[PDB]
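Chemist: Protein chains in written order, with our numbering: chain V, 5 to 205; chain U, 34 to 266; chain Y, 874 to 1090; chain R, -5 to 190; chain S, 24 to 251; chain L, 48 to 287; chain B, 131 to 360; chain D, 10 to 117; chain Z, 6 to 115.
Questions regarding the structure given below will be posed in turn.
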Amino acid sequence: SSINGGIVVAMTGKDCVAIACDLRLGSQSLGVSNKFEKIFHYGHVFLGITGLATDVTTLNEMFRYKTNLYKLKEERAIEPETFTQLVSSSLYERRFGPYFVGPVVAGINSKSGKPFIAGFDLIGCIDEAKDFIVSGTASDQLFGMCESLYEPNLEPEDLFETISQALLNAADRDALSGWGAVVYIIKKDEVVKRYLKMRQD
Amino acid sequence: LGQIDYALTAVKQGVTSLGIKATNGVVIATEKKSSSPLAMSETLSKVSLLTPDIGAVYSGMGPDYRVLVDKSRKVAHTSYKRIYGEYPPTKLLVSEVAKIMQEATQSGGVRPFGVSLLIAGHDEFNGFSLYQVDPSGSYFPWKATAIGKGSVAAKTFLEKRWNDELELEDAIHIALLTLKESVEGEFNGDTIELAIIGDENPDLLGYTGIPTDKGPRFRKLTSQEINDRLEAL
Amino acid sequence: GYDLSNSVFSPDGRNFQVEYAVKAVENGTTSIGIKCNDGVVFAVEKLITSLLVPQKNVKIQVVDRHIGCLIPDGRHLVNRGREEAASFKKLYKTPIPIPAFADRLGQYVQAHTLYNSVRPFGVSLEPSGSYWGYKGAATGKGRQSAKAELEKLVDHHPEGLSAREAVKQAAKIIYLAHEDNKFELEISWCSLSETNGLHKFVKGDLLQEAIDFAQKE
Amino acid sequence: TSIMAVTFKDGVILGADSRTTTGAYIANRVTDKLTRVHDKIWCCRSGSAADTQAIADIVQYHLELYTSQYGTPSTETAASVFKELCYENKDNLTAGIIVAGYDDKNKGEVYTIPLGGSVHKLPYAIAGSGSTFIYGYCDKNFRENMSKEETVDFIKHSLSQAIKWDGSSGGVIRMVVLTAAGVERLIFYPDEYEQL
Amino acid sequence: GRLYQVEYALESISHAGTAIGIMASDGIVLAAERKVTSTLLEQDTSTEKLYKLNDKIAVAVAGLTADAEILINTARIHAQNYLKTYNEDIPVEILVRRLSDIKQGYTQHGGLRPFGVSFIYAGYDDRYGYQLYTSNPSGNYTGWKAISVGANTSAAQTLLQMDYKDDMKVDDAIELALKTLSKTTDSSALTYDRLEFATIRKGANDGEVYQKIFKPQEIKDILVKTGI
Amino acid sequence: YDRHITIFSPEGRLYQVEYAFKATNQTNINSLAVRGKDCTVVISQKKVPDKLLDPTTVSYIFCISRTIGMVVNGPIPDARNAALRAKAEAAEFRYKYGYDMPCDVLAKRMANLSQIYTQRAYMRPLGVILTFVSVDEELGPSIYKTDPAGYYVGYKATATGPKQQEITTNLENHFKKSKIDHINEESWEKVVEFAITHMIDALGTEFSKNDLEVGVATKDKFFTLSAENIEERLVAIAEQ
Amino acid sequence: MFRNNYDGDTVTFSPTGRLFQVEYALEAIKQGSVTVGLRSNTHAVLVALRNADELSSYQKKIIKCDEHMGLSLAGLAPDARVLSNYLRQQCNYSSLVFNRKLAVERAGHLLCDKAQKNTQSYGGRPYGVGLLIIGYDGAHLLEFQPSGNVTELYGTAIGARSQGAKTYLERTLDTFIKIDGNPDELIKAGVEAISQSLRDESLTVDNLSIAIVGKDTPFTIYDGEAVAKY
Amino acid sequence: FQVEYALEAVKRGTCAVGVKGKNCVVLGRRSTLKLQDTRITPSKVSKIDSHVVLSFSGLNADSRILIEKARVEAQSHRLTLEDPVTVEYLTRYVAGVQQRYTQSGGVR
Amino acid sequence: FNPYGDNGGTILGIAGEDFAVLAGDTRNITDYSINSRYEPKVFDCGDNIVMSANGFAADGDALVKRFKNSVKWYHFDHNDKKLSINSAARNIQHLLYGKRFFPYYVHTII
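So, in structure tokens, the structure goes:
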């Protein structure tokens, strides 16, 4: 882990969520790709994975497999909480052989309508927070920026600015991140994806 | 004719049992048979809880049902729970039970189970549901149904009685009338076993402090409640 | 139809395969066991066919230095009992008690009556796996005369019998049982006094004395 | 830990301290190191707590099965079971056990299973980290036949010295007496044995 | 060298419900008839005879339900395995051949009853476009333009042969399927509660929404518009 | 095939378990189990016609655990097999769950084993009844009976054997008269006397100290009475 | 006519307690040729007498199991091969683990134990060969039947009109029992015994095989120009 | 019988002809129905690999298994010996597979 | 725990025209102590074949016993074929390579 770089941050607003990530992929100091997206979505739930890129791709494929089978069997899209439990169980199934990843789940429950964000450790310990979740090689800078900037009950327009500023300023202080950023603003029925202009790229 | 037809005959020779689904719940009812006053009826249960929201009743060979209840309880945790952190919906649990019965039918050197199951349950995004599982391994949803010995007359009465606006109390009343019309011996609260899948009961959870955690929807009526209901017939 | 395979219950609730095994047991030679004061004596008849060495055809066997016992079925049972006794000794560091050994043998024999894929034993511990404690035990072709003699001995000795006289009584009973047919006698001993509680074969002068006493009777 | 078991005229007496330490910190000060594996067969455990507890539970299960099948096991049988468990898994266990019991053999019986799984039968045995300081004393104040009160006093003096000179031993002194009358449990507090 | 078990399975299928699949120049239409009625049996058993294997392939069933469920679960697992392995949707022919091989294996080894189920596959891929297949217990799969399985196979085949064109539209195929079913059922008239419908069509925008399974209200509206 | 193996007959029957019910009566021994307010009594016939037998080794009563006892009707090999299995299960339960196995749980385990025997073709049923008795920590005096068909249930009182019908009828009449579910006798000796008197009245015969076998379950443990205790109980009965 | 309902498998008892398959396996020995076994106090010999046609060789009847023990067979050849291989393995184990030559009585016990397993298994078949085992020095002689029985005899004969040899041995027991120190005379006595079992058939250097083992004499097989009565 | 009935089932299959010449080999369909799509049709002549081709006669479903096994064996031989399979080796492998399937009961 | 040891000794095999010679020490030692002053190292396995394994005494004894057992079973299975010296060498090579990853710690001269 910590050889490819990458940072993801999720925040909860008023009837909406935001999830942003960097785009750098590299082999230690050398930069390889500036288009390596680390955010995926199944149904209406979004997942960001930091750490080893191979494990990120493997987990994305496995979770797409499981979510498609779930939709076929239950005739219903999976909710963020059930997906969080599934991810935690899958991560714990690899005890002593863990995937070197940091996962973060975001989304709005279709039925209840409230936002939901959560994070996972190496072996699938669920960390549910009502304000923000951070992951990556710049987690300390992300924690500082989120603690300084975040406010409860933010409109999507203000939430986008807050999360973008936090991500950009955290990435500018990390050597293994900052080759482009992408932000998802997720509402009850509409999702907006935006690319950010930043230095070093 | 094969082993499945013989198991169906054995089911037809068993005690009746019923099942009625209303708009806001499901009612299961059956009669306990023990032609021995020395034996204690309370030690034997014919309605078994599978999950806090799913219960089952049977007609046929008792020991087979006793083994199948334990198998279903184990499979409700091994397969769905401990993965998604919640109890399975009624359809998936019924499918797993039908898979168990199908494997019993198809396995060599093993005879099929001689029971038919009526499974009642509730789940989110699907409401209340009632299903019947045959010894072969095929399950069918029902609005109101009966099995066992006097199943033909019970089915006729249910067809003449069931409608779309039926409520839980009306379903209980109809089930009690159907049981009374075909009771083999003695019709009182100690010989009737009735359960309902309905509203969540916070007083049966056992603890307080978690607002999201709700009580079970399965509720087994006591002898006193059954006697009070019979006093209203 | 019910008697053509093992582990099949007849309409009255019987396993005719075990009954046929008992019939096979009833065709065997006589074996006698006498429970004296602090000891047991075993006696065996051995038919002579011809060119046969008169001394080495031993039918008596010992388990764990302190237990005495279709010949190949009996050999198989004795081997399994020896394995069980060795397992008990290794687990608990003490010689296996006689009731424990009998219970393990009974369980092993009853195992061979549960499946139609195996044949019940045809030895004597009955072929059904049943067993009990006895003051005197008789099996074989001439078992009824031996049972009558043992009942006579029990009536005549309400306070117990000595091992030394029990050997001679066993020899006499064996000769009386063989009297029906028209042979060698093997005797084995296990007593707390003359053997210190270890199973032994009684031969030499005492064997000759027992043979002479039986012949004079 | 300081553990001992001594045979006297009416049976056997087991004594132990009540201190369990994680490094230099006392995790438990009311530990009960006297474990019952049969109605009149008890064991004293030293070493790893998990290993000793697991071995005691397995021995208790085996002895219960033996009682169900055969009757009343002897103390030598329990010692043999302990020896088998310790010797088969010597590479993954750290347990020193003293097995003391009263039966028809009379005068009590004591067996020792030290590290490695060996078996030694002794009139009296001491074990634990605190026993090293009370060896010579116990060799100068032991007699083959003693009464109950004298044996209790001997145990109290030995364990008092062991607690005094060993920092890994402390707390209250717990004693178990196994006689034909049954099982007796005795507690001696620091205000009592710190003087005599 | 006839196979008696396969013949028995085919005879059993001949007594099952009738399914019709019609392929047009811009879509595929699947229809099925519900036969079981008890005045108390629930009709919300998800979809009784029409099933989705993925976002691109659908199947119509004629025969025993348990074998159908087993085969459909296996097909779904195979499709997801292909998607995970190659990051692309599985071609229809590959999945059809996989299921046909499973059936053939079940018709060769002793101790296994052949699957008494007939499948009608309707799929779409970028190699051949729209594809329609039929698979039987014998293990053979055949492509078709308009096919029917179940009870009145011969009459439905004749009716389709009379009134099929190579350039029909999706609505034309829907009307043809409805009229063919209405003229072959032994229940006088065709009703919405006894019918299951599905369409696989691609619009002007390359979205490929191949999951349109008709609701009972939609089936009733289509029947009213057609005039059945 | 349907007559020799455990499969359904065209009438939906099981003509290998009913034969086991027939085999349960190979012996001619009648057993009676009653329960007091703080005890449970089991009495069984003991027949030793042979003079070469050792009467001490003839018994149909087993001590499964400290508090649970069992009485078996049927052949002794199956009885001892079931007793060994029950003892092993009780020991395993104690090792696993850390507390003593209840009587009803053991009966349910044995009934499930019997059901497994009935459902698998290569295994034959055991022709035994396996009446378990105990004084439960939560329930109290409890009697639970099984059968080769896998069916088990608890009883206030029960009787087994070829002549069980008369004993059952007398018990039913007595419990109808008393209108209570047990026998009102604080001491278990009185309960044993009542059971012996009931068996004498039902069978219409007298017993000596060598014609009966008694087992008593209390809160402390379950134990089998010796011949001298049976003789003293018979003397106490004869005194009134 | 007279159909037997209890001779199908080896796991069914006759109503009188018989095992017909075991008896048939015993009768299978009569198919094989004649083998004769003697025993003195210092030596033991075996004499064995088939040829498919004039252009074929002769079947081997004597098999060496170790340097001090051997056997002869009558009946099914593959069963004899399996039993001889098992006995060789047992002797090898005894010589390797304990450096101890296996006793003949223990070998007979092992053969009986192995043969017993085929009479109770179902789906198999009992052995169809009878064996004559001879050992070192005192000298020993065993007769093994497929039923699982050993005898420890002075002498015997098995297979294909062997009753004449057996009667001759019963007559001349006291004569041949004490020919200690002269193996050749014991061999000649065995030759006369096997000649007593021949219906006018002659003995040549192609049909006769001999085996000898005694004190200071390892197990030795004579065939060909070595059985010319030299 | 089992082999004879298999041969009878073979006799009901579509005709197939194979001819060899000086430097070439020539390998030689029923009447399709009016509603049958022939755009996607499994050709009766399946190439096992770039130099060996196969043509079946009999049951098509059972021939698919043989074709798949032959292709897998050819690829395995190519990966194991670096040399593409010969004609006789592949024919012997197919014959061995069929002979193995004839035994062990062999209903078909 | 070290499963290997050294016991000293030396052996010498010389092949002539119609004869062979295998000579060896008789001293068995451990470190600086003499275990035995007379322990033969050269044996006679039969068929005019002599083999000596020098080094670890336990491995040498095991190899000698295994080779003699192989020779006796070869005589059993091939009608006393009188195993040749080159065949014996090949068989010993197979025996030694059988324990490729737990090798005999000996030097063999035949």
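Don't be surprised by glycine CBs; every beta carbon is placed ideally from N, CA and C.
Mind pulling the alpha helix (DSSP H) runs of 4 or more residues that sit fully within the region 160 to 222 of chain U?
Modeler: 184 to 194 and 201 to 214
Chemist: Taking only beta-carbon positions, decide if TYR64 (chain R) is within less than 8 Å of chain Y.
Modeler: Locating residue 64 (chain R) in the fourth sequence gives position 70, counting from the first residue. The beta-carbon of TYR64 (chain R) is placed less than 8 Å from the nearest beta-carbon of chain Y.
Chemist: Using the beta-carbon of each residue, which ones in chain B are nearer than 7 Å to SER923 (chain Y)?
Modeler: Counted from its first residue, the third sequence places residue 923 (chain Y) at position 50. Those within 7 Å of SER923 (chain Y) in chain B are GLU300.
Chemist: Report the three-state DSSP secondary structure of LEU125 (chain U) (helix, strand or coil).
Modeler: By 1-based counting over the second sequence, the position of residue 125 (chain U) is 92. Note: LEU125 (chain U) maps to helix in three-state DSSP.
Chemist: Does the beta carbon of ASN229 (chain B) sit closer than 8 Å to a beta carbon anywhere in chain Z?
Modeler: Your numbering for residue 229 (chain B) matches position 99 in the seventh sequence. Answer no: the Cβ-Cβ gap between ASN229 (chain B) and chain Z never drops below 8 Å.
Chemist: To the nearest angstrom, how far is the alpha carbon of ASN77 (chain S) from that of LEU76 (chain V)?
Modeler: In the fifth sequence, the residue the question calls residue 77 (chain S) occupies position 54. In the first sequence, the residue the question calls residue 76 (chain V) occupies position 72. C-alpha separation (whole angstroms): 8 Å.
Chemist: So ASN72 (chain V) contacts chain S; which residues on that side make the cut at Cβ distance below 9 Å?
Modeler: Within the first sequence, numbered from 1, the residue matching residue 72 (chain V) stands at position 68. Result: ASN77, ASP78, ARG99, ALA102, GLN103 and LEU106.
Chemist: So, does the CB of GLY118 (chain U) fall closer than 8 Å to a CB anywhere in chain V?
Modeler: Position 85 of the second sequence holds residue 118 (chain U). Yes, its Cβ sits closer than 8 Å to a Cβ of chain V.
Chemist: Please report how far the alpha carbon of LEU168 (chain B) lies from the alpha carbon of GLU899 (chain Y), in whole angstroms.
Modeler: Translated into positions along the seventh sequence, residue 168 (chain B) becomes position 38. Translated into positions along the third sequence, residue 899 (chain Y) becomes position 26. Using only the alpha carbons, I get a separation of about 35 Å.
Chemist: Taking the Cβ atom as the reference point for each residue, do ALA85 (chain S) and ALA39 (chain S) lie within a distance shorter than 8 Å?
Modeler: Looking up residue 85 (chain S) in the fifth sequence gives position 62. Looking up residue 39 (chain S) in the fifth sequence gives position 16. Closer than 8 Å, so yes.
Chemist: For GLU219 (chain U), which residues from the same chain have a beta carbon less than 8 Å from its beta carbon, with the 5 sequence-adjacent residues on both sides left out?
Modeler: As a working mapping, residue 219 (chain U) is identified with position 186 in the second sequence. Result list for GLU219 (chain U): empty, nothing under 8 Å.
Chemist: Cβ closer than 9 Å: which chain V residues qualify as neighbours of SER37 (chain S)?
Modeler: Working through the fifth sequence from its first residue, we reach residue 37 (chain S) at position 14. Those within 9 Å of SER37 (chain S) in chain V number zero; the least Cβ separation is about 30 Å.
Chemist: If I measure Cβ to Cβ from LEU163 (chain U) and keep anything under 6 Å in the same chain, skipping five residues before and after, which residues do I get?
Modeler: The count along the second sequence starts at 1 and reaches residue 163 (chain U) at position 130. Once the five neighbours on either side are set aside, the close Cβ partners of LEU163 (chain U) are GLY52, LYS54, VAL59, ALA153 and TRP175.
Chemist: Checking contacts by CB at 8 Å: is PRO174 (chain U) closer than that to chain S?
Modeler: Here residue 174 (chain U) refers to the residue found at position 141 when the second sequence is read from its first residue. Judged by the 8 Å Cβ criterion, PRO174 (chain U) is in contact with chain S.
Chemist: For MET148 (chain L), is the classification buried or exposed, using 16 other Cβ atoms within 10 angstroms of its Cβ as the cut-off for buried?
Modeler: Residue mapping note: residue 148 (chain L) aligns to position 101 of the sixth sequence, counting from 1. Flag for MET148 (chain L) reads buried.
Chemist: In angstroms, rounded to a whole number, what distance separates the CA positions of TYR981 (chain Y) and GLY947 (chain Y)?
Modeler: In the third sequence, residue 981 (chain Y) corresponds to position 108, counting from 1. In the third sequence, residue 947 (chain Y) corresponds to position 74, counting from 1. Taking the straight line joining both Cα atoms gives about 13 Å.
Chemist: Chain Y beta carbons: is any one of them nearer than 8 Å to that of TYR284 (chain B)?
Modeler: Position 154 of the seventh sequence holds residue 284 (chain B). Among the CB atoms of chain Y, one or more fall inside 8 Å of the CB of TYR284 (chain B).
Chemist: Output needed in chain order: residues of the region 138 to 150 of chain L with a Cβ under 7 Å from some Cβ in chain R.
Modeler: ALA138, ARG141 and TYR142
Chemist: Are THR111 (chain D) and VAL12 (chain D) close, meaning C-beta to C-beta below 8 Å?
Modeler: As a position in the eighth sequence, residue 111 (chain D) is number 102, starting the count at 1. As a position in the eighth sequence, residue 12 (chain D) is number 3, starting the count at 1. Note that the C-beta distance between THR111 (chain D) and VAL12 (chain D) is below 8 Å.
Chemist: Taking C-beta pairs closer than 8 Å, name the residues in chain U that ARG80 (chain V) reaches, listed in chain order.
Modeler: Translated into the one-based positions of the first sequence, residue 80 (chain V) becomes position 76. Chain U residues near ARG80 (chain V): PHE158.
Chemist: Look at the alpha carbon of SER48 (chain S) and the alpha carbon of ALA200 (chain S), and state the distance between them as a whole number of angstroms.
Modeler: By one-based count along the fifth sequence, residue 48 (chain S) stands at place 25. By one-based count along the fifth sequence, residue 200 (chain S) stands at place 177. Answer to the nearest angstrom: the Cα atoms are 15 Å apart.
Chemist: According to DSSP, is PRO137 (chain S) part of a helix, a strand, or is it coil?
Modeler: For the purposes of this step, residue 137 (chain S) is taken as the residue at position 114 of the fifth sequence. Coil, per DSSP.
Chemist: By the three-class DSSP mapping on this structure, what secondary structure does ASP38 (chain U) have?
Modeler: If you number the second sequence from 1, residue 38 (chain U) lands on position 5. Of the three classes helix, strand and coil, the one that applies to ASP38 (chain U) here is helix, per DSSP.
Chemist: Quick one: Cα of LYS192 (chain L) to Cα of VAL171 (chain R), how far?
Modeler: Stepping through the sixth sequence from its first residue, residue 192 (chain L) is reached at position 145. Stepping through the fourth sequence from its first residue, residue 171 (chain R) is reached at position 177. Cα to Cα, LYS192 (chain L) sits roughly 42 Å from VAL171 (chain R).
Chemist: Is it the case that the Cβ atoms of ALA170 (chain V) and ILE11 (chain V) are separated by a distance below 8 Å?
Modeler: Indexing the first sequence from 1 puts residue 170 (chain V) at position 166. Indexing the first sequence from 1 puts residue 11 (chain V) at position 7. Going by C-beta atoms, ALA170 (chain V) is not nearer than 8 Å to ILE11 (chain V).
Chemist: So which residues of chain Y does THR71 (chain R) contact, with C-beta pairs closer than 8 Å?
Modeler: The residue you call residue 71 (chain R) lines up with position 77 of the fourth sequence. Going along chain Y in sequence order, the residues near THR71 (chain R) (Cβ under 8 Å) are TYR965, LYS966 and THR967.
Chemist: Check the Cβ of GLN166 (chain L) against every Cβ in chain U and list those closer than 7 Å, keeping chain order.
Modeler: The residue given as residue 166 (chain L) occupies position 119 in the sixth sequence. The answer, in chain order, is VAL143 and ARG144.
Chemist: Between the alpha carbons of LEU34 (chain U) and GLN154 (chain S), how many angstroms are there, rounded?
Modeler: What you label residue 34 (chain U) is simply residue 1 of the second sequence in a count that begins at 1. What you label residue 154 (chain S) is simply residue 131 of the fifth sequence in a count that begins at 1. The alpha-carbon atoms of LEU34 (chain U) and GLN154 (chain S) are separated by roughly 41 Å.
Chemist: Could you pull the DSSP bridge partners for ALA55 (chain U) from this structure?
Modeler: Taking the second sequence and counting its residues from 1, the one referred to as residue 55 (chain U) is at position 22. DSSP lists U:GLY58 as partners of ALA55 (chain U).
Chemist: At a CB distance below 9 Å, what residues from the region 89 to 107 of chain U approach chain L? Give them in sequence order.
Modeler: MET94, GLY95, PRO96, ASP97, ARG99, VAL100 and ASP103
Chemist: With a Cβ-Cβ cutoff of 8 Å, do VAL119 (chain L) and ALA72 (chain U) count as a contact?
Modeler: The residue given as residue 119 (chain L) occupies position 72 in the sixth sequence. The residue given as residue 72 (chain U) occupies position 39 in the second sequence. Not in contact: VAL119 (chain L) and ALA72 (chain U) (Cβ atoms no closer than 8 Å).
Chemist: What are the boundary residues of the beta strand (DSSP E) that includes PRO208 (chain B)?
Modeler: Stepping through the seventh sequence from its first residue, residue 208 (chain B) is reached at position 78. It is not in any beta strand (DSSP E) - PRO208 (chain B) instead sits in the alpha helix (DSSP H) that spans 207 to 227.
Chemist: Does the distance from the C-beta atom of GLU260 (chain L) to that of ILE108 (chain L) stay below 8 Å?
Modeler: If you number the sixth sequence from 1, residue 260 (chain L) lands on position 213. If you number the sixth sequence from 1, residue 108 (chain L) lands on position 61. Yes, the pair counts as a contact, with Cβ atoms nearer than the cut-off.
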